[PDB]
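Before any comments, here is the structure.
There are 6 protein chains.
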Amino acid sequence: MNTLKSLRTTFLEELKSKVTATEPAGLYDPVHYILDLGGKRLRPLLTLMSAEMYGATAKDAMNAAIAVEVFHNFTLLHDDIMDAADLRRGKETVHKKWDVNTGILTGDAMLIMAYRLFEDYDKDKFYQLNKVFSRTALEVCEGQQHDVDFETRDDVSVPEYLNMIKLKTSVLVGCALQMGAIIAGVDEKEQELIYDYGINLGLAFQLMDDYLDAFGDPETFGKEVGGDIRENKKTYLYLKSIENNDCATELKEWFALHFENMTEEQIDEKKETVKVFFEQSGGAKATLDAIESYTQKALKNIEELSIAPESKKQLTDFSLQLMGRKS
Amino acid sequence: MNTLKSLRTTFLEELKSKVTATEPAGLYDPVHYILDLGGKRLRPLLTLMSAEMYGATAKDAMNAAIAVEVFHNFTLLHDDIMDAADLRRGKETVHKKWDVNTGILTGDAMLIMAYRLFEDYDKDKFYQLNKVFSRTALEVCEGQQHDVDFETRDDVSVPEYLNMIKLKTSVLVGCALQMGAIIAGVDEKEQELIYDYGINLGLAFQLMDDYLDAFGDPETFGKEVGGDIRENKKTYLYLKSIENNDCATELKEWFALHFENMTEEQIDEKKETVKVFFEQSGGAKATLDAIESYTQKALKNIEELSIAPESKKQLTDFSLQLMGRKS
Amino acid sequence: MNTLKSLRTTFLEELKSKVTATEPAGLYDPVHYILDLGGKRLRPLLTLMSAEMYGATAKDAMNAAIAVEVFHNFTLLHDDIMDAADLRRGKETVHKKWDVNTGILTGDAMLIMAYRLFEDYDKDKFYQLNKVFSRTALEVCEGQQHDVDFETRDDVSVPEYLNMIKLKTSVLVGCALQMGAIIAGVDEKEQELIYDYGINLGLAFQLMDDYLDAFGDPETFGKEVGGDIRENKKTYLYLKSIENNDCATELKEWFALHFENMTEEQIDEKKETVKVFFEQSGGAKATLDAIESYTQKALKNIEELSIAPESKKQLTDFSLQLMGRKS
Amino acid sequence: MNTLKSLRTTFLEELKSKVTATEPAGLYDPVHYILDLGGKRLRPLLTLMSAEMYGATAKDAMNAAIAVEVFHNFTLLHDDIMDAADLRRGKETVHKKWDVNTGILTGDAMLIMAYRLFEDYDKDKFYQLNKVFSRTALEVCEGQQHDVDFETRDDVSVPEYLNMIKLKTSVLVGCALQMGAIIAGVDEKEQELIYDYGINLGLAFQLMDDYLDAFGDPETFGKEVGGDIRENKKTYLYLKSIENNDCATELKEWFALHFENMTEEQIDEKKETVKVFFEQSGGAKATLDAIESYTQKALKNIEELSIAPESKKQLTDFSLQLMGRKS
Amino acid sequence: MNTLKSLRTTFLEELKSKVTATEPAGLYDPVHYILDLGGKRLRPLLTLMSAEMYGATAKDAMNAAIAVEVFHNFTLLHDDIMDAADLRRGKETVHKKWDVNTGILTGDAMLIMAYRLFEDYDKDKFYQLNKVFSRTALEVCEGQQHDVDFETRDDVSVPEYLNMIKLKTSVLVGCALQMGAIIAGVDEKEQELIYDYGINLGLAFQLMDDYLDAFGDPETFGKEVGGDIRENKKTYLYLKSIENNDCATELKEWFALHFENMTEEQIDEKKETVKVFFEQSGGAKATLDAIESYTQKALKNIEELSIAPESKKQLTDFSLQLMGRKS
Amino acid sequence: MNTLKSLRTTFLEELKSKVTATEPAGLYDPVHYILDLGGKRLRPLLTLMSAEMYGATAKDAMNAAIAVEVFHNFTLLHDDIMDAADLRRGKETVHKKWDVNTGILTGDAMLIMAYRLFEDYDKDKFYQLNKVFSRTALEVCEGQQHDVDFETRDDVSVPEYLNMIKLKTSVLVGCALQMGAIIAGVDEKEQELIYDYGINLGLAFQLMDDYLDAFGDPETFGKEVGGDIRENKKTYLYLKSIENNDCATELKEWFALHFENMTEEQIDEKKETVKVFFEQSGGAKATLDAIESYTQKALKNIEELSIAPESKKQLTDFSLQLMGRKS
Ligand SMILES: [Mg+2]
Ligand SMILES: [Mg+2]
Ligand SMILES: [Mg+2]
Ligand SMILES: [Mg+2]
Ligand SMILES: [Mg+2]
Ligand SMILES: [Mg+2]
Ligand SMILES: [Mg+2]
Ligand SMILES: [Mg+2]
Ligand SMILES: [Mg+2]
Ligand SMILES: [Mg+2]
Ligand SMILES: [Mg+2]
Ligand SMILES: [Mg+2]
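Take a look at the structure:
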């Protein structure tokens, strides 16, 4: 496959070229805004990489890659509204810069624009793309609802948590890879194998996000360190920490304090104290083990793909780099 | 074609049978709720009527008919949020019964469920259905944004108003008819002719809604009489009324008072006084003329369709009944 | 027994004489205010009537009678806060005239002042008075909590409703009568018999309040007609109405609309429509039957009391007058 | 007397055993919650110590000791509502964890449960317990109202401040000791002597709390340092500081700034600057002198009690330990 | 003097000609808006009438007449903000159409523009105009503050009420007349005589407004009937009504209910009931007597002015017409 | 001229003596409060200095000097309301200590009191004082509106910014000097020359305030460092910084974040980062150059005044000291 940097450069050129709606501005200005917040564009690049590895061009896969990115950004726009997020990537969220009604309607327009980007494909690929895309989009809705339901549950199991993050953050990784495979004309059995890789990669990636939310390096315009702790989100780190009967009661008591009932200094003490319980309980290590375990499962999936050994080496290195390890 | 009553009965059976997602309840309970608020189901029945007239069965068109209804209800769910509507058809809106975040996410899930209802069609019809559906859905978003933009404009032309209501309320009428024609295997030229009928019908229907909002018979759990007046919506009735230099200045002055700066009795006096200006200006008659004119255009479209004369008589009668006239 | 009018006159003299705390004004001004809102003073007069019937004087029972009234008013003060009531007996509630913190603290001071009014009794009666008073006060708290719990339950049984109104409104009727009996030196078996009368009377009285809330004559500064309907309170009238499978579904649908999602006219239509369902279902008649049935049970209790036949005739007439019937 | 640690251990066992109401949970769950927030339980242990010193057992005094603690916690529950406190002892307040209406009603239920804990005593002690308890409870209400009244007064005298803290925080110390003496069968003259000790101890203790609010060691989940300063509470420390005509004008000017008109850094500068004025004015020393003076008065009261010299040594040491001094 | 209608016509021409500032629009657009709300322009026309009667022209007095109107409108702009008025003369208030900050700043600009309209006068008249204008403007501020102070007083005397309405509404009537006299070159003794007429006229006019607020004919876009009653304003009508010991207690009790604690129907019942107390107490008649009495005092002032008997007849008729009587 | 310190001492004596209105307290208490917040009283002292330099006494100019200070404080009172300022000079703003309505009405009373302080001047000076005062006051209103208009403009030129700060902060400096010259009997040509000095001085002074807002030394009860940055005020520092095409895009992006969408730490990072862009762009130096340039223009104006060379040396030194330079 081409280098990430080469694919990203082509991708950002083709994005500007294929997303051109401008009028009415009240609808489309926020689409250009959210697509211009930058970053790694991991999801669309999985589509291009999959395509190349299986014999097609980036150029062939490009409209589908752009659908994936438009879709993902549609989810961020509605999610920022539902989560009352003020900033995304150091910039105002769409509903803050404009208004909530703009966020609702523009996000709706982006989901539809994503579907439209499939229309240049032949009838057979068009059908296959729409089918895995729609199943994935509806799964992402279910994952969102599960995550909301967990907010008022005091009894969430690790299996239920892994099912939720699979639907909410991993199926679209699978889907992005599967779409490149569809464009290359690969069969269903092969499509499912690359999909499965995407599931294990996506689960490792999200478990890593759970870990770094608590233990990650602070960035002022980056993700707040200890946001999950402050908001009492029951992530893999917390769920594993409370399996230890020594820490469980005083972890549950920290997770009973709302941040609106607390001063800055109380919130910071809660983050330092809960971080220490995460280490001492074995929860932090159990989280690093689960990330390691999903990454290995993803590497074994790569070994079984019908792609050239170069392609497996590139994918194996990309997977290790994504998980902050070295090649 | 079968009778409306026969099609509606089959439609409500097939709706219950084909929309079965139940878990998670936080996502899908509101889908069953909004689909159970009743009424005429005009849009899906246009799909079934189109199908029958051109040779297919209701049963063949049914999944597409249900897509149309799921789509329309998705738009009502987001619209009720954006318009802060408390009631729909005498019952609490989804965002009032549940919450705004439920309305946002459930509406997203309904748009995706609509797309999925195309999946049993052959690859050729699947392609055609998705294409006219997506273009229609994005047009409905544009119409919504235009209607929002008109709120802060003091200078809206009749042409701009007719373009907005075409996108917001008529293209989906066209689309519902065009989808039945696609299922019957009709060609693009014929599909566009039935689409065009739907445009003229949909414009007549919406101009009728503008008229009845001011002059309609009061229903307590029905549409408020004078809601457009209270909210200073610049509808066809107002736009034509202000063409009269005798009424224009004191109509613009009534339309400058926000209802939040007014007592009940002031609002009622504003409605009675503006209603009288609508009559005396010629605006009310000009609105009835435009409804009459669009209805005639729709009747001429029916005369040119490639359908049996029975089918034209049934459609001609359905069009007159819809516009509160007699056969 | 003396006439109600004679007892009430003595009672209001002794009230002014025995509740004299004035400083600090921020605490005690609201006590004088709430005790001066007038009405029938039913509860304290039951204490005086019980005392006389069993051989003691009004004067002997007076401090205990005043405790009962101070207690009852303490409950109204906290209840007006918890129910967000703006007016009581045509005048501002304590928390509206002053503030919520005044309502909380003054109500606390009134409960304690009630207990103190027992202190002139001999050690034996003091003990008995405190014991039935405290059990009654804690039962009234439980009844309040049950009524709150019923707000979020869709499944309340008639037995659970009768248990709630017994605790919330009837045990204090029983208690007021039992306290007069204690002051007259009557034994526990007799005390319980008059208590039981008070339970049946209190249940009849509250079932009558449920009936008149819907069907009572309007008083502008009196209880709103249809308040229970507007607030979707599941009272005996509603619980019996929904036993009719013909009315049940559209009663439950009316009871799903919050009044904050409705206009005045929608609220008035809901009250007229639900009132009609109450009649047509058999719920209204079943409510009048239950009032009749509790009143008869109370009359039989009177026949078994150890009091002079005069005393039974006076009590029998008082019971019928209270229930808006004739002697 | 037994050791504090031994009495506390027995007390927490007997508390769990004698406070068993669980249904309805909406009423009683918050009672178990507030009684489980831990700490020294000073007030109930004064009751047990008094009992032992005068010849009775802890076991005899236990129900009365538990009444004292239930009473005190009832006051904290209403006080946390009226003061808008978010946390108590590092945990959410009842009105934050549940709601305000829960706090109002559960607190009412706790006052009544306290009264009920007297019922196992003989009629003579029952009478005496209820009488000093009720007088104390009503005095605590008056002290609360005085403290509220001082918020809008610019003219509060040291005598008026000492009278307020006596009613609000000291009479219950007196009362707790007096109740143990009543259970031991001691006479009124002796009961008043131990009561008086409790008054002087309670005044020393509260003057110490005034001192430590400004000058105490910071605890993140403990009492905020400088809360009285931030809220402009006119405590003994401020009242003595303004007797100095050199500091008075700029102290009154600091005490004119609301914390809602200030940034964190302004609040911290106000606390550092006012703390310095407290030292330099002589106010801090005058506060330490008043604590010393009340402690000595309490020690002289101990010398005059009719108890064994051991008992006086234990009480003398307990008094010095409470005031953060050594034996 | 010219007819009111002739003076008003010249006045509205000269207003448009002499108030021409347009940029920046954010400052001056609201000046044109508030000056275009129409009505009788009584105050400026008093200036023109005074001028003519004493020998000058309307044209000479015009800039001063316009100052008076600009001043009066400046007071209405700030008053509408402070009173939270939504409408003025059937149109949105400046702070509702724009914002509060616009109302504050534009009103400030209008006071200054008023002062500037004196600048074409000779140095002697300029001095005299500025002096009576400034004293009047500061008196109007004092009257406003007194009216605010009366809101929290339960003890307002008729003398204090008459002093307040003199400052708030009458001194500017006096001032407008005095300014015309200054322009005609009249001496101080004569200027004070016409001023005094204006005081008695202005007091009659305001007492009439107090009367008509309760008893006036309803106009939907006019002054609310019973606004003073709803807002518990202690006007001459209420102050005289409570002199009757028969009505006083239940009038004070009606005047204790805030309209925010009341339903529409309670407010309407309060207005009907208080109106009846106003009649039956003698308060309504005492108000008509005071209006009659001030009008007669004004007529006697006219008899003593140094003007032609025509001028006295015109002024006498104008005074009677203003008070809704006939010539 | 006398020393600043000598003039300030006389000024504060004469202020206390000439501003004596006390009743009603609700109107005048806030006038005494805002005039007692201290500082340099630059503006009134310019009036006294101008008077002395041209031959009059301080005593002659004093009433006009006090008008200037009363006027300036009137503007601060309304400005603190419109800007929602909580503190002024370390003390609560008038609208926070009292209320907004007090701020509106008291500020109105202060503008009128200012005008009244001209009344002891002879008719010729009275006329000249009123005329330059009123033109200045109306210009200050226009400058305020321009500054408000700039909040919603993305396109503000340096010329438009300099025009706004001239009207908002410099014309009153000119005016204060011109009034002293009028009192000394100087001619219009000379009056305009001292006015012009005041314009250049006032522009230098305000450009210095723009500079020190970003780069000034922090004072806790002083002006917040980086307030203009936090509020995205487009001051000379920002306008010059964005002329550099290297910094412009990321400066505009920082200036797009509202502080309500940011944490403390994000605000502090924004201030540090924007401060660095101000230096590196050349904007900071260009601001120091413009201050230097206006100061030199002011020094040249001093050289051309018709005053004694002493007077020019004193004024030259005062100008350099004001701009934080040395003599
Ligand atoms: Mg994200
Ligand atoms: Mg997540
Ligand atoms: Mg609709
Ligand atoms: Mg519409
Ligand atoms: Mg009641
Ligand atoms: Mg009830
Ligand atoms: Mg505490
Ligand atoms: Mg305290
Ligand atoms: Mg008016
Ligand atoms: Mg008035
Ligand atoms: Mg300033
Ligand atoms: Mg500025």
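Chains as they are written, first to last, in the entry's author numbering: chain A, 1 to 327; chain B, 1 to 327; chain C, 1 to 327; chain D, 1 to 327; chain E, 1 to 327; chain F, 1 to 327. From the three backbone atoms N, C-alpha and C, an ideal C-beta is built for every residue, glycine too.
Asked: Go to E:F118, then tell me how far its alpha helix (DSSP H) extends in each direction, as first and last residue.; Found: E:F118 -> no alpha helix (DSSP H), and no H or E assigned at all.
Asked: Between C:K96 and chain E, is there a C-beta pair that is closer than 8 Å?; Found: yes
Asked: Roughly how many angstroms lie between the CA atoms of B:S134 and B:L45, to the nearest whole one?; Found: 20 Å
Asked: Start and end of the alpha helix (DSSP H) containing B:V158?; Found: 158 to 165
Asked: Regarding F:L76 and ligand 11, is the C-beta to nearest heavy atom distance less than 7 Å?; Found: yes
Asked: Can the beta-carbon of E:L7 be found closer than 8 Å to that of E:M49?; Found: yes
Asked: Identify whether F:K91 lies in helix, strand or coil by the three-state DSSP scheme.; Found: strand
Asked: Name, going along the chain, the residues of the stretch 148 to 168 of chain B whose beta-carbon falls closer than 7 Å to a beta-carbon of chain A.; Found: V148, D149
Asked: Might you give, ordered along the chain, the residues of its own chain that have their beta carbon closer than 6 Å to the beta carbon of A:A286, omitting 5 neighbours on each side?; Found: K240
Asked: Using CA atoms only, rank isn't needed, just tell me which of D:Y236, D:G282, D:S170, D:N232 is closest to D:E253.; Found: D:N232
Asked: CB C:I183 to CB C:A290, shorter than 8 Å?; Found: no
Asked: Using a Cβ-Cβ cutoff of 9 Å, what residues of the stretch 82 to 94 of chain D are near chain A? List them in chain order.; Found: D86, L87, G90, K91, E92, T93
Asked: Quick check on E:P24 - is its C-beta less than 8 Å from some C-beta in chain F?; Found: yes
Asked: Report the residues of the stretch 61 to 85 of chain C with a CB closer than 7 Å to any CB of chain D, ordered along the chain.; Found: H78, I81, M82
Asked: Between the C-alpha atoms of E:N244 and C:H95, what's the straight-line distance to the nearest angstrom?; Found: 31 Å
Asked: Are the CB atoms of A:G198 and A:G180 nearer to each other than 8 Å?; Found: no
Asked: Beta-carbon of B:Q206 versus every beta-carbon of chain E: anything under 8 Å?; Found: no
Asked: So for A:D155, helix, strand or coil by DSSP?; Found: coil
Asked: Quick one: give me the first and last residue of the alpha helix (DSSP H) that A:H78 is part of.; Found: 58 to 82
Asked: Helix or strand or just coil, what does DSSP make of F:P309?; Found: helix
Asked: Whose C-beta lies closer than 6 Å to the C-beta of A:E139 among residues of the same chain, with five residues either side of it excluded?; Found: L167, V171
Asked: Can you find a C-beta in chain C that's less than 8 Å from the C-beta of E:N2?; Found: no
Asked: Is the distance from the Cβ of D:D228 to the Cβ of D:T220 below 8 Å?; Found: no
Asked: So with CB distances below 8 Å, who are the chain D contacts of F:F221?; Found: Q266, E269
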